[PDB]
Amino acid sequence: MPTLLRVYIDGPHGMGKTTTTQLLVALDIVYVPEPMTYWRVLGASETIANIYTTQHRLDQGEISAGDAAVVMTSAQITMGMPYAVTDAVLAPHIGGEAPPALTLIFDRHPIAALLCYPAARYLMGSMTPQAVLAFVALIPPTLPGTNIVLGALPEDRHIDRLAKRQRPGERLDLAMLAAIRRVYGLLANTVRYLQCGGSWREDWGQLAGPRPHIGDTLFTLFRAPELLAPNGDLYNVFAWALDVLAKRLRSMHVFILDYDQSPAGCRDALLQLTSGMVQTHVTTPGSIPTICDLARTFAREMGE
């Protein structure tokens, strides 16, 4: 049966993720871009502009935390929509883990919009930890062969790039760059932690390579007073959401790519990471052209 290789390139914005994936594809391989047209027009109007303005208004004291949250949560649902439909429509074609007959290079995974940016916004004070856990409860079941490439880039180098790689409506917010950089750092650790045998419930009280300390994983973000019962423990609803988070991330295959290099450098470095990656079979022989066409339609309609 034919196999498929799926690779999601994720991480904080401003590292050169979209460039190098395109470079990679410029070499039976399809790119699924960020759905900017959905973000700027189809799902709502100028969602990215809406996000950075809200935070700024909040930061300026022009709106309250409750107003920012209402707006952020809503904006986050719009941001993740194309990721979620694509994942759900793709799911029945993914077979068991197995050159690839088709390689799909995605620009971000559903968790970017359902976990990472919400978690970072929570840290920024524009989202509640309860809403983040709601998003987490809705993260779609992790398909076999979910390979995630996260990016690394020194912060000073990132700050300079960030001034550069702005979006229309995006504002230079270093506090946010730091929050999102931290959130993704916690993400990589959580996967290792979970794969090294870590159980958040067993270590809750404590709040490649060896197993990380729970305090160096995403679980640590949820030590908020809002989620704690009068008896000091997490309410079970929130505890159950942490169970889903651990369940979703434990099966992902996470790789780190050094972006502190030239565009062709990142491309060849990614081209090299891509071999130790899990492929999977497809559910029907004709899943390949189907998948191929989904990606192309997605690209053609929402890419921009």
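Residue numbers here begin at 1 and follow the sequence given.
Please classify the unmodelled stretch of the deposited sequence between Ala264 and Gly265: none, 1 to 3, 4 to 9, or 10 or more residues. None; the chain is continuous from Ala264 to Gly265.
Would you class the number of unmodelled deposited residues between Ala98 and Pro99 as none, 1 to 3, 4 to 9, or 10 or more? According to the record, 4 to 9 deposited residues lack coordinates from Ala98 to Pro99.
Between 215 to 223 and 154 to 162, name whichever shows the higher mean Cα B factor according to the PDB entry. Taking the mean B-factor of the alpha carbons in each, 154 to 162 is higher.
Per the record, averaged over C-alpha atoms, which has the higher B-factor: 37 to 45 or 268 to 276? According to the entry, 268 to 276 carries the higher average C-alpha B-factor.
Just the C-alpha B-factor column, please: which of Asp233, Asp203, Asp87, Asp107 has the biggest number? Top of the list by C-alpha B-factor: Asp233.
Chain-relative CA temperature factor third for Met124: Tercile = middle for this residue's CA B-factor.
Per the entry's values, where does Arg57 land by CA temperature factor relative to the rest of its chain, in the lowest, middle or highest third? According to the entry, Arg57 has a C-alpha B-factor in the chain's highest third.
C-alpha B factor of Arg181, ranked within the chain: lowest, middle or highest third? Answer is middle: the recorded C-alpha B-factor places it there.
Rank-wise, by C-alpha B-factor, drop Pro168 into the lowest, middle or highest third of its chain. Its C-alpha B-factor belongs to the highest third of this chain's values.
Would the CA B-factor of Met302 place it in the lowest, middle or highest third of its chain? Within its chain, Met302 is a middle-third residue by C-alpha B-factor, going by the deposited values.
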